[PDB]
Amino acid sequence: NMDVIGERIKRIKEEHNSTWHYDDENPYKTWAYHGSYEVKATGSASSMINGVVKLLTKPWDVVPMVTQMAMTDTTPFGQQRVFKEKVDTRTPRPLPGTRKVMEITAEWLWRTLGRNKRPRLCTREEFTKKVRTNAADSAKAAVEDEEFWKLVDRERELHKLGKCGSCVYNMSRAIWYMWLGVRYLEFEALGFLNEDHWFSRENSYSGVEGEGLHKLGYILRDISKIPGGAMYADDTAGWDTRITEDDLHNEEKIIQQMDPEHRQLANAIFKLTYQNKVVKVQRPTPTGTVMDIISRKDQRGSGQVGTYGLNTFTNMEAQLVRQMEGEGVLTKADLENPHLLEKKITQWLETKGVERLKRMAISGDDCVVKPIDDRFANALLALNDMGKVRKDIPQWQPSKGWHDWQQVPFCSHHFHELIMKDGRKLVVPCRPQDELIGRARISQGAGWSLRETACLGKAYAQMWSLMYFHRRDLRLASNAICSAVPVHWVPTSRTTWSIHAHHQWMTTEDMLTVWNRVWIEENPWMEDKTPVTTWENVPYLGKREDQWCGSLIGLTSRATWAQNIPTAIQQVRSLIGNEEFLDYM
């Protein structure tokens, strides 16, 4: 194993020769520990509060879920405890028959995904445009520096020789150039999966990449029209820690479809930074803070370019295998059998495979499956054996599914069908309101002026008018924030990092205009393109559903808040100063 990771460790070792030591009190049990050196502690024990949102959401100052979100520890203490709880595990190797089925499904799935698309290398100018159309960070400074690209070419030459000198996963401008350089190289070799939308619904059948939150509900509603059993949405306990060496080897079959110059670089990414990895993690000691240098041959690194796509691929594969088990194609004896018959797996994939993928909505580790019948609830042999053990349920307890798509959890949301005053139906996204308010009340980082804080508040208020308008409290709060923040101020920073976020709320354009564009114009499931001219024609959940999902409607504190909200608006206005403001109440 030292033949792949050696050069990276030797460099860190040499660079930190003053403080390099082998700490014998290290907590690594499944990760290989190479040594430590001294660092300055990074992180915060709590999270910075957005005072603009907090002032306009008074009834939530006392809500437990709202307070909990305002915490979250990124210090070496918090960092060590998250590592201990999840990341320091070992997944038992899947049985020989399970490995055989997985391998056959992986080959077939890769041929299907690349039936119209051809893999290709991504470029410096693509990476440059992405960094630029995100920054408006020291990443835009690096991208503009020629010496950064020279380090990239040096590293790539080592990768062409099957060597790695500086691609280290992190749990001076030199270390940062090595980090951004590692991400460019990964973007170069595997970025095509994201950039050329290999996991779009049209290309993957089960995928939902590029759809966006406002469309996931409609996709769930279309899956419900297919004959079969209930809709299952089982959560995996730490999906990324459950990615095995057999998973990684199946994921790399994609290199067979690549041009030779591309294959070489993708192989270097797999073999050197996925199937082997050098990791840096901060640890508090009595003497101070240290950086630990660890390594391992499996698991997925969350902060990686290929993570979403390769997780979507492996989950699509794992769910097809569970469907085969559910249908009787895969038995307990088959899973234990190394000399298992490939023919029936092939026959099922070639005759039923695409139809079976159409029954699913898969986004990373997130899945919804509508099997042909309910035998699927008890088809747990392959799932547990593959290592995709379900979260908070005994291993052999049958899965509980839903006979109503509106009750199905997917991507931290559930989805409602609303009837508009004009008779038209909308499918809207919903999540517990405490999470939405809790998230909006968090400002990202320290040393942020009122302008930047208010603008982030406007971005959250505008995300709510576009996605969560059907929530009474959120439409009021959103109007209140847009009344307190100057009209010509542009929403800054991001409200979310989700791949399902398209950020149409990042504008000074009228929100009712953006609403019509998303929900009417661009909406393929809205046949009648008649615009909605007033927000009074933009619907709400029924009071009871609103209450079921976290609303404070019907509470005295909420009535007191709604009554006194112009007073709070004026206090934010008077503190921001003399600018142009608009009354939305």
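Here the rigid core means the biggest group of C-alpha atoms that line up within 1.5 Å when the two forms are laid on top of each other. Residue indices: 1-based, along the sequence shown.
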Checklist line | Core-aligned Cα RMS comparison in 7 other deposited structures of this protein - stretch that moves more, 172 to 180 or 193 to 201 | finding: 172 to 180
Next item on the list: For residue 136, record whether it is unmodelled in at least a third of the other compared entries of this protein.
Entry: yes
Item checked: Chain break class for residue 490 to residue 491, judged by how many deposited residues have no coordinates -> none
Notebook entry, point to check: Per the record, how many residues of the deposited chain fall between residue 121 and residue 122 without being modelled: none, 1 to 3, 4 to 9, or 10 or more?
Noted result: none
Notebook entry, point to check: Given the B-factors recorded for C-alpha atoms, which segment has the greater mean, 438 to 446 or 314 to 322?
Noted result: 438 to 446
Item checked: Of 480 to 488 and 351 to 359, the one with larger mean CA B-factor -> 480 to 488
Item checked: Selection by C-alpha B-factor (highest) of 47, 551, 533, 530 -> 47
Item checked: Selection from 269, 291, 427, 233 [criterion: highest C-alpha temperature factor in the record] -> 291
Checklist line | Ranked against its chain, the third holding the CA B-factor of residue 414 | finding: lowest
Margin query: Ranking the modelled residues of this chain by C-alpha B-factor as given in the entry, is residue 398 in the lowest, middle or highest third?
Written below: lowest
Next item on the list: Rank-wise, by C-alpha B-factor, drop residue 540 into the lowest, middle or highest third of its chain.
Entry: middle
Next item on the list: Taking the values exactly as deposited, rank residue 116 by C-alpha B-factor within its chain and report the matching third: lowest, middle or highest.
Entry: middle
Next item on the list: Consider only the C-alpha atoms of the modelled residues in this chain, order them by B-factor as the entry records it, and name the third containing residue 37: lowest, middle or highest.
Entry: highest
